[PDB]
Amino acid sequence: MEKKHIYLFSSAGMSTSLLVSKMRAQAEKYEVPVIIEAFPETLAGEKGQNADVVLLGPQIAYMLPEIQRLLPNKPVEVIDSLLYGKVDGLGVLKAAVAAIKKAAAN
């Protein structure tokens with residue numbers, strides 16, 4: 001192991017793709033041990049799996065009840081839509097973390 005996978009499942013497209021690629025900035029502007037990938041919410045079933053923490057578009061939000069069957073455990077989290085389409089992969093590094101702590105609960 002020695003690194004994990006911050007995965008993103010897209011609302012419109014390009015309020016994410018560069019937010020991963022900045023969130024990436026983050027990771028190697030540090031050393032944070034995680035790949036950030038973002039898909040066309042088509043993969044998240046399979047990629048969701050291959051991830052350690054997950055994300056999905058604000059606007060395709062609807063899929064999360066689904067996404068949560070496919071994976072009824074993981075630290076999945078649909079984005080915010082202005083952090084999204086302002087492509088803030090430094091709140092999205094923090095906001096990931098927040099997810100994987102909103103994991104636990106008995």
# chains A, B, ... in the order shown; residues from 1 in each chain; ligands from 1

$ select_by_dssp --residues "chain A" --states "strand (DSSP E)" --output "list in words"
residues 4, 5, 6, 7, 8, 9, 34, 35, 36, 37, 38, 39, 53, 54, 55 and 56 of chain A

$ residues_around --residues "residue 54 of chain A" --least-positions-apart "6" --cutoff "10 Å" --atoms "only C-alpha atoms" --output "mmCIF file with N, CA, C and O atoms, in the first residue's frame"
data_model
loop_
_atom_site.group_PDB
_atom_site.id
_atom_site.type_symbol
_atom_site.label_atom_id
_atom_site.label_comp_id
_atom_site.auth_asym_id
_atom_site.auth_seq_id
_atom_site.Cartn_x
_atom_site.Cartn_y
_atom_site.Cartn_z
ATOM 1 N N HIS A 5 -6.537 6.439 -2.482
ATOM 2 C CA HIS A 5 -7.209 6.860 -3.721
ATOM 3 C C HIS A 5 -8.484 7.695 -3.369
ATOM 4 O O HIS A 5 -9.543 7.149 -3.127
ATOM 5 N N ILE A 6 -8.300 9.021 -3.382
ATOM 6 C CA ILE A 6 -9.346 10.059 -3.361
ATOM 7 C C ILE A 6 -9.989 10.185 -4.757
ATOM 8 O O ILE A 6 -9.498 10.810 -5.654
ATOM 9 N N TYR A 7 -11.191 9.506 -4.891
ATOM 10 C CA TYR A 7 -11.956 9.308 -6.097
ATOM 11 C C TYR A 7 -13.200 10.221 -6.158
ATOM 12 O O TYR A 7 -13.894 10.455 -5.189
ATOM 13 N N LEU A 8 -13.419 10.768 -7.394
ATOM 14 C CA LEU A 8 -14.380 11.842 -7.703
ATOM 15 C C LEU A 8 -15.252 11.432 -8.885
ATOM 16 O O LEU A 8 -14.747 10.946 -9.902
ATOM 17 N N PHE A 9 -16.589 11.573 -8.743
ATOM 18 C CA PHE A 9 -17.651 11.055 -9.654
ATOM 19 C C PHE A 9 -18.533 12.183 -10.096
ATOM 20 O O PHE A 9 -19.193 12.816 -9.263
ATOM 21 N N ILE A 36 -5.696 11.099 -6.248
ATOM 22 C CA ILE A 36 -7.009 11.682 -6.634
ATOM 23 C C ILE A 36 -7.307 11.399 -8.123
ATOM 24 O O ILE A 36 -6.679 11.969 -9.019
ATOM 25 N N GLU A 37 -8.288 10.506 -8.382
ATOM 26 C CA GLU A 37 -8.969 10.322 -9.677
ATOM 27 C C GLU A 37 -10.446 10.779 -9.623
ATOM 28 O O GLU A 37 -11.067 10.749 -8.546
ATOM 29 N N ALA A 38 -10.963 11.302 -10.745
ATOM 30 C CA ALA A 38 -12.395 11.669 -10.945
ATOM 31 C C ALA A 38 -12.897 11.091 -12.298
ATOM 32 O O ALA A 38 -12.221 11.210 -13.319
ATOM 33 N N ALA A 44 -17.777 4.415 -10.455
ATOM 34 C CA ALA A 44 -17.701 4.623 -9.002
ATOM 35 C C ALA A 44 -18.037 3.319 -8.246
ATOM 36 O O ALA A 44 -17.547 3.030 -7.178
ATOM 37 N N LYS A 47 -14.601 1.670 -9.369
ATOM 38 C CA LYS A 47 -13.497 2.603 -8.944
ATOM 39 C C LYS A 47 -13.677 2.990 -7.454
ATOM 40 O O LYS A 47 -12.756 2.928 -6.663
ATOM 41 N N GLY A 48 -14.920 3.398 -7.135
ATOM 42 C CA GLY A 48 -15.433 3.520 -5.720
ATOM 43 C C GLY A 48 -14.773 2.469 -4.832
ATOM 44 O O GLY A 48 -14.044 2.820 -3.879
ATOM 45 N N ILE A 67 -25.033 4.750 -5.089
ATOM 46 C CA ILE A 67 -23.540 4.703 -4.850
ATOM 47 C C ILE A 67 -23.297 3.923 -3.521
ATOM 48 O O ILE A 67 -22.283 3.263 -3.332
ATOM 49 N N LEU A 71 -21.591 0.447 -2.646
ATOM 50 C CA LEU A 71 -20.714 0.525 -1.465
ATOM 51 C C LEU A 71 -21.529 1.090 -0.282
ATOM 52 O O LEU A 71 -21.749 2.290 -0.181
ATOM 53 N N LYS A 74 -18.147 2.495 2.642
ATOM 54 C CA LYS A 74 -17.091 3.464 2.276
ATOM 55 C C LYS A 74 -17.381 4.889 2.758
ATOM 56 O O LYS A 74 -18.511 5.293 3.068
ATOM 57 N N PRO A 75 -16.288 5.678 2.861
ATOM 58 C CA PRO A 75 -16.321 7.160 3.031
ATOM 59 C C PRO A 75 -16.511 8.051 1.794
ATOM 60 O O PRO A 75 -15.889 9.121 1.629
ATOM 61 N N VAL A 76 -17.550 7.665 1.021
ATOM 62 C CA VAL A 76 -18.163 8.434 -0.058
ATOM 63 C C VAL A 76 -18.667 9.787 0.469
ATOM 64 O O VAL A 76 -19.033 9.963 1.626
ATOM 65 N N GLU A 77 -18.588 10.806 -0.429
ATOM 66 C CA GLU A 77 -19.142 12.147 -0.183
ATOM 67 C C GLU A 77 -19.258 12.953 -1.509
ATOM 68 O O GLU A 77 -18.263 13.176 -2.170
ATOM 69 N N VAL A 78 -20.518 13.262 -1.920
ATOM 70 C CA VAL A 78 -20.837 14.272 -2.932
ATOM 71 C C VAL A 78 -20.316 15.657 -2.438
ATOM 72 O O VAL A 78 -20.274 15.941 -1.246
ATOM 73 N N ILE A 79 -19.854 16.463 -3.411
ATOM 74 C CA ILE A 79 -19.072 17.716 -3.248
ATOM 75 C C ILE A 79 -20.003 18.829 -2.742
ATOM 76 O O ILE A 79 -21.160 18.568 -2.399
ATOM 77 N N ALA A 96 -12.185 15.887 1.904
ATOM 78 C CA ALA A 96 -11.943 14.435 1.881
ATOM 79 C C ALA A 96 -11.764 13.886 3.322
ATOM 80 O O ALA A 96 -12.576 13.103 3.784
ATOM 81 N N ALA A 99 -14.599 13.527 5.415
ATOM 82 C CA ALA A 99 -15.371 12.366 4.981
ATOM 83 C C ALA A 99 -15.027 11.098 5.780
ATOM 84 O O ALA A 99 -15.882 10.428 6.330
ATOM 85 N N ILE A 100 -13.715 10.788 5.812
ATOM 86 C CA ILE A 100 -13.107 9.521 6.321
ATOM 87 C C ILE A 100 -13.165 9.521 7.856
ATOM 88 O O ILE A 100 -12.831 8.512 8.505
#

$ closest_residue --among "A:68, A:17, A:50, A:42" --to "residue 3 of chain A" --atoms "only C-alpha atoms"
A:50

$ select_by_dssp --residues "segment 47-79 of chain A" --states "alpha helix (DSSP H)" --output "compact mmCIF listing (two decimals) with N, CA and C atoms, in the first residue's frame"
# COMPACT_ATOMS: atom_id res chain seq x y z
N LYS A 47 -14.60 1.67 -9.37
CA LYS A 47 -13.50 2.60 -8.94
C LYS A 47 -13.68 2.99 -7.45
N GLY A 48 -14.92 3.40 -7.14
CA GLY A 48 -15.43 3.52 -5.72
C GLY A 48 -14.77 2.47 -4.83
N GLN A 49 -15.03 1.15 -5.12
CA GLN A 49 -14.24 0.03 -4.61
C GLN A 49 -12.75 0.38 -4.45
N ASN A 50 -12.08 0.63 -5.60
CA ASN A 50 -10.61 0.68 -5.70
C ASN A 50 -10.08 1.93 -4.96
N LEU A 64 -26.19 8.89 -4.95
CA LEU A 64 -25.46 8.60 -3.68
C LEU A 64 -26.15 7.47 -2.92
N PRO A 65 -27.49 7.42 -2.95
CA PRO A 65 -28.32 6.32 -2.42
C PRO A 65 -28.08 4.92 -3.10
N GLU A 66 -27.97 5.03 -4.42
CA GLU A 66 -27.36 4.04 -5.32
C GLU A 66 -25.89 3.74 -4.89
N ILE A 67 -25.03 4.75 -5.09
CA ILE A 67 -23.54 4.70 -4.85
C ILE A 67 -23.30 3.92 -3.52
N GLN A 68 -24.26 4.10 -2.57
CA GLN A 68 -24.19 3.64 -1.19
C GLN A 68 -24.67 2.19 -1.01
N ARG A 69 -25.41 1.67 -2.01
CA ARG A 69 -25.66 0.21 -2.18
C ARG A 69 -24.37 -0.48 -2.67
N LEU A 70 -24.04 -0.17 -3.97
CA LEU A 70 -22.76 -0.48 -4.63
C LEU A 70 -21.64 -0.54 -3.58

$ closest_residue --among "A:52, A:88, A:73, A:101" --to "residue 4 of chain A" --atoms "only C-alpha atoms"
A:52

$ closest_residue --among "A:83, A:92, A:55, A:35" --to "residue 1 of chain A" --atoms "only C-alpha atoms"
A:35

$ residues_around --residues "residue 21 of chain A" --least-positions-apart "2" --cutoff "9 Å" --atoms "only C-alpha atoms" --output "MDAnalysis selection string"
chainID A and resid 16:19 23:26 36:37 87 89

$ closest_residue --among "A:53, A:32, A:63, A:43" --to "residue 98 of chain A" --atoms "only C-alpha atoms"
A:53

$ atom_distance --atom1 "atom CA of residue 104 of chain A" --atom2 "atom CA of residue 15 of chain A"
28.3 Å
